[PDB]
Amino acid sequence: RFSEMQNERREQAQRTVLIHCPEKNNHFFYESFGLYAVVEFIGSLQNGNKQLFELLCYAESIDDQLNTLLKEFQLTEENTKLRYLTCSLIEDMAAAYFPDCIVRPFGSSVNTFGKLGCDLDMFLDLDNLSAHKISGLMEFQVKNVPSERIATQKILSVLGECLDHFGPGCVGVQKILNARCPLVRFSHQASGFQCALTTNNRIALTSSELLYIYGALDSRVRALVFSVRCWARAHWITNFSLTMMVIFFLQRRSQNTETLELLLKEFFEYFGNXXXXXXXXXXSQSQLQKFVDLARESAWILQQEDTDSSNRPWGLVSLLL
Amino acid sequence: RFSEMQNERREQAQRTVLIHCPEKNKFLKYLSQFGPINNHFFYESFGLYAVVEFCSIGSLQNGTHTXXXXXXXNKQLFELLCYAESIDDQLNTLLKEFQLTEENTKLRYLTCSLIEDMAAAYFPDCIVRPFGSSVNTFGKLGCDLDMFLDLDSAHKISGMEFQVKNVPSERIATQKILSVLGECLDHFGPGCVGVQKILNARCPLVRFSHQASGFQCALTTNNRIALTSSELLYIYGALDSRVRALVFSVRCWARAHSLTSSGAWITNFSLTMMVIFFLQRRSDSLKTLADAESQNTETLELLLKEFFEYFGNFXXXXXXXXXXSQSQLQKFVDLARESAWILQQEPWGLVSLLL
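Going line by line, the protein sequences match chains A and B. If you're matching positions, the first sequence starts at 98 in my numbering and goes up one per residue. If you're matching positions, the second sequence starts at 53 in my numbering and goes up one per residue.
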C-alpha cells in the first residue's frame, strides 16, 4: 500500500500540468510570484507559526491541542500533489538521457511526518546510455563504470548542468558530489521548494516506507512526533533521532486507549533516564543533557497540569516557550 | 539537389547502426535476424568495426547483455603518378586517392547521427548535419568532421507559452548549449574523448574525438552560414569535374611546400577560392548562381599550367580575398612562377611540382 500509493500519485502527475498566469478533473491554483495553476487530464498541447501558539489556547483539551498543531503543520493534498508534479517535471528532464527512469520523492515529503514548507528530496531510479552504437551476444555501448559512486557523481553532474542552464524555474543549483550520499540541490521558482536529488540508494525509499507504515499505523504516532519535534525546535540531535525515540517510546508501552495528554507526559517521564547510529540503531554531551533537562522539566509542567485553564499559556503551549 | 542529398543521407544513417567486434557471414546471419540489411562494411580505427545499415532497429536494441575486408577510411602516391599516361591522368588519380569514399562519407554522416541522438535528448526535433570539407566535394580522406546543430519544452508552462531560461544574447545561449552538450559528451557518451570547449572564439565550438571512427570532430550551434558556404562549393565541385581535380592538386602542391599548414599563412580556403576564381576568369559568377539556384575544352594539364601563369602577378582584389603575411604571399608567387616553368619545359608532370 506504499509502493502502490506512490505509483497512483506519479501517474497522477503525468497528466498534470503547471501553468503560470497574470492575476485573474478538478483544478486548483496557488500563489508565489504570480498565480500558478495545476491542471490534470499530453503531447496534444506541446504539439500545439506564532499565531499557532495563540490558536492552541482556544482548544478544549491538550489532546485537541496536539491535533491542531498536527493539522496546521502537516502537508496538504494540494502541496503533496504539487511536489509530486515537481518530481515529474524533473523526471521529464532526466528521461531524455535515461528513457524509462523514475524520479520519486522521499523522506519528509512522503512518510507522514512531513511538515509544510519543507525540503523535497528526490531519488532518481535507473532500472546509462543506449544508442545505435552497439558492441559485440549483442550489448549496448557505454562509458566504462569504474565505481558506482563516480557513475553517481557523473550522472548528477550532468543533470546538474542541464537543470542550471536550460530547465525552467530551476535556480540556486549547486553540486555536492563529495558527501557520502552525493547530491545536487536546487530551487524551483514555481513552487518555492528547496529540492535535492540523488541517484543510487533505494535505502531512502525503504526508510520512508517504514515511517510511512508507522505514521499510518495509528493516528497518535503522527500527532506525537509533530509535537515533540516542535517542542524540540522551540528550544546536535536530529529531527530523525527524536522521531525514532518516539516510535520507540510507543513500542515500549502497549489495543491501547492512552490519551495524547497522558502519552505526551509519559514521553518525558520515560526519557528522564554524535550519531543517529551510536545511541540508536540504524532502524554532543552537553546537548543530550539539556535534552533530559528539558525532558524532566517539560514533565513537571504537565504534572501540575493534571495535579492542580484559559487563553494564556496552557497544556502544550506551556511546553513551547 | 544539395539540401535534398543531405536529407536522404541523414535519413540513411538513422537506419544505420555501428557495431564494435572482436576479429571474425555468421555475423550477418546474426544481425539478419533483426530484419533485412541493405549494405554494410568494415573498417578499423584502433580496432575492428562494422558499419551496418538496415532496410526497424528498435528490435536489435532489444538483444543485449550487461578473412575480412576493411574499407580504408601519401608518398606512395608520388610513385603511383609516375605510372599514369598523362599529366591529366595524374590530377585524376591524385583526386581519386585523396577524395572521400562513400564508405567514409556515410560513416561521418552516422557519427553526426549518434551525436544528434545525444542532443535530441535536450532538444527533441534537432538536427546535427555535417558541413565544410566533409560535404562539399573538396573533402580529403582523413579530415575534420565539422558538425552544425540546428534548433528549429516542459510541462512547466507560462501564461500559453513554454517556460525557458531568459536569453541575454544569442551568443551566450550558444556558449551555454555547447557547454552542456560538451559536458554530456565527455562524461557519458561512448567513444567521445579528448573533448575540449572553445566558447570564446567568434564561432564558439566544442571539439572532441570519436574513437570508433578516428574522426577529429567539432560542433557549433548558431550559424547557417556554413551550410551556405558548403552548398556554394558543392555546386562548384559538381558543376564540372575539373574543379574538384584542380583544387585537390593545388592544395596538395600547396601543402607539399611550407605553405598551407595546420596560424598566420594562407589557408586551404584561400587557395580553393583563387581556383574557382581562376576558373571563371577564362571562358560562372556566384551571383548568377546564388541568385538563380558555355563550353570549355581545356585540359587539366593546360589549366594547371595557366593557374600559376595567371597568379604570376597576383594593387587589386579578387572577388586578401573578399568573403563570398607579406613574406608568405611572395614565396607563393615564387612557387607559382617556378611551378610554371617546370610545366613549360619538357618525377614527371605533376610529381615534379610536388617536391
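All C-beta atoms, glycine included, are put in the ideal place defined by N, C-alpha and C.
Item to check | Residues from the stretch 121–140 of chain A in contact with chain B, defined by Cβ distance under 7 Å | outcome: So the list is empty, because no residue satisfies the distance condition.
Checklist entry - Considering only residues of the stretch 136–178 of chain A, which uninterrupted alpha helix (DSSP H) runs meet the minimum length of 4 residues and lie entirely inside it, listed in chain order? => result Runs found: 140–143, 147–153 and 159–170.
Checklist entry - Going by alpha carbons, who is nearest to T404 of chain A out of A:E105, A:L359 and A:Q171? => result Ranking A:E105, A:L359 and A:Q171 by Cα distance to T404 of chain A puts A:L359 first.
Next on the checklist: Taking beta-carbon pairs under 7 Å, can you tell me which members of the stretch 204–220 of chain B lie near chain A?
Outcome noted: So the close ones are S205, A206, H207, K208, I209, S210, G211, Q215, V216 and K217.
Next on the checklist: Determine whether the beta carbon atoms of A65 of chain B and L162 of chain B lie at a separation below 8 Å.
Outcome noted: Yes, these two residues count as a Cβ contact at 8 Å.
Next on the checklist: Check whether the stretch 162–179 of chain B and the stretch 64–78 of chain B touch, using three or more Cβ-Cβ pairs below 8 Å as the test.
Outcome noted: Verdict: yes, contact present.
Item to check | Between the CA atoms of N241 of chain A and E366 of chain A - distance to the nearest angstrom | outcome: Cα to Cα, the separation comes out at about 57 Å.
Checklist entry - Just checking my contact of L223 of chain A with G241 of chain B at CB under 8 Å: how many whole Å lie between their CB atoms? => result With 8 Å as the limit, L223 of chain A and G241 of chain B do not qualify as a contact, their Cβ atoms being about 16 Å apart.
Item to check | Near-chain B residues of the stretch 185–203 of chain A - C-beta to any C-beta below 8 Å | outcome: Going along the stretch 185–203 of chain A in chain order, one finds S185, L186, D189, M190, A193 and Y194 with a Cβ nearer than 8 Å to chain B.
Next on the checklist: Determine, for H117 of chain B, whether the minimum Cβ-Cβ distance to residues of chain A falls below 8 Å.
Outcome noted: Using a CB distance cut-off of 8 Å, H117 of chain B counts as an interface residue toward chain A.
Next on the checklist: With distance defined between alpha-carbon atoms, name the residue in A:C292, A:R277, A:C278 and A:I252 nearest to residue 81 of chain A.
Outcome noted: The structure shown does not extend to residue 81 of chain A, since chain A is modelled only from 98 to 418, so the question has no answer here.
Next on the checklist: Is the separation between the beta-carbon of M199 of chain B and that of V187 of chain B shorter than 8 Å?
Outcome noted: Against a cut-off of 8 Å, the Cβ pair of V187 of chain B and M199 of chain B comes out as no contact.
Next on the checklist: Output needed for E245 of chain A: all residues of its chain with C-beta closer than 8 Å, excluding positions within five of it in sequence on either side, in chain order.
Outcome noted: Cβ within range, chain order: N297.
Checklist entry - So which residues on chain A does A264 of chain B lean against when the C-beta distance must stay under 9 Å? => result Near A264 of chain B (Cβ distances below 9 Å), the residues of chain A are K230 and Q238.
Checklist entry - If we call anything under 8 Å between Cβ atoms a contact, is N176 of chain A one with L152 of chain A? => result With respect to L152 of chain A, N176 of chain A sits apart: the two C-beta atoms are not nearer than 8 Å.
Next on the checklist: What residue range does the beta strand (DSSP E) around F190 of chain B cover?
Outcome noted: Neither: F190 of chain B is in no beta strand (DSSP E) and is coded neither H nor E.
Item to check | Counted within 10 angstroms of its Cβ, other Cβ atoms place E60 of chain B as buried (16 or more) or exposed | outcome: With a threshold of 16 other beta carbon atoms within 10 Å, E60 of chain B falls short and is exposed.
Item to check | Euclidean distance between Cα positions of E358 of chain B and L284 of chain B | outcome: Cα to Cα, the separation comes out at about 24 Å.
Checklist entry - In chain order, which beta strand (DSSP E) runs of at least 3 residues are fully inside the stretch 259–302 of chain A? => result Considered as a whole, the stretch 259–302 of chain A harbours 267–273, 280–285 and 290–295 as its complete beta strand (DSSP E) runs of no fewer than 3 residues, in chain order.
Checklist entry - Over what stretch of residues does the alpha helix (DSSP H) that includes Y194 of chain A continue unbroken? => result Careful: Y194 of chain A lies outside any alpha helix (DSSP H) and carries neither H nor E.
Next on the checklist: If you follow the alpha helix (DSSP H) that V299 of chain B is in, where does it begin and where does it stop?
Outcome noted: Looking at the DSSP string, the run of the alpha helix (DSSP H) that includes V299 of chain B is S293 to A308.
Next on the checklist: Measuring alpha carbon to alpha carbon, tell me which residue in A:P243, A:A320, A:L361 and A:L385 is nearest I398 of chain A.
Outcome noted: The residue with the shortest Cα to Cα distance from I398 of chain A is A:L361.
Checklist entry - Listed from N- to C-terminal order along the chain, which residues in the stretch 251–275 of chain A have their beta-carbon within a distance smaller than 8 Å of any beta-carbon of chain B? => result Per Cβ criterion, the list reads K251, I252, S254, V255, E258, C259, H262, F263, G264, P265 and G266.
Checklist entry - Taking only beta-carbon atoms, is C269 of chain B less than 8 Å away from chain A? => result Chain A places no beta carbon closer than 8 Å to that of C269 of chain B, leaving this residue out of the contacts.
Item to check | Chain-ordered neighbours of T68 of chain B on chain A, where CB pairs are closer than 9 Å | outcome: Within 9 Å Cβ-Cβ: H229.
Next on the checklist: I'd like to know whether the C-beta of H72 of chain B is nearer than 8 Å to at least one C-beta of chain A.
Outcome noted: So, interface residue.
Checklist entry - Where does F359 of chain B sit, in a helix, a strand or coil, going by DSSP? => result In the structure shown, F359 of chain B adopts helical secondary structure according to DSSP, grouped into three states.
Next on the checklist: Within 8 Å of any Cβ in chain A, is that where the Cβ of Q64 of chain B sits?
Outcome noted: So no, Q64 of chain B is outside the interface.
Next on the checklist: At 3 residues or longer, what runs of the beta strand (DSSP E) sit wholly inside the stretch 214–257 of chain A?
Outcome noted: List check, beta strand (DSSP E) in window: 217–222.
Checklist entry - If you compare alpha carbons, which of A:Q286, A:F130 and A:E137 is closest to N122 of chain A? => result Of the candidates A:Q286, A:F130 and A:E137, the one whose C-alpha sits nearest the C-alpha of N122 of chain A is A:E137.
Item to check | Distance CB(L417 of chain A)-CB(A331 of chain A) smaller than 8 Å | outcome: Yes, they are a contact pair.
Checklist entry - Which one of A:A248, A:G266 and A:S288 has the shortest CA to CA distance from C278 of chain A? => result For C278 of chain A, the nearest C-alpha among the options comes from A:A248.
Checklist entry - Can you check whether the CB of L260 of chain A is closer than 8 Å to the CB of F283 of chain A? => result Cβ atoms of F283 of chain A and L260 of chain A: closer than 8 Å.
Item to check | Contact list for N225 of chain A against chain B, beta-carbon separation under 7 Å | outcome: For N225 of chain A, the C-beta contacts it makes with chain B under 7 Å involve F240, in order along the chain.
Checklist entry - Name the chain A residues whose beta carbon is nearer than 8 Å to that of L112 of chain B? => result Per Cβ cutoff of 8 Å: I231 and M235.
Item to check | contact_flag[the stretch 332–340 of chain A, the stretch 232–239 of chain A] where n(CB pairs < 8 Å) is 3 or more | outcome: Contact between the stretch 332–340 of chain A and the stretch 232–239 of chain A is absent, because fewer than three Cβ pairs lie under 8 Å.
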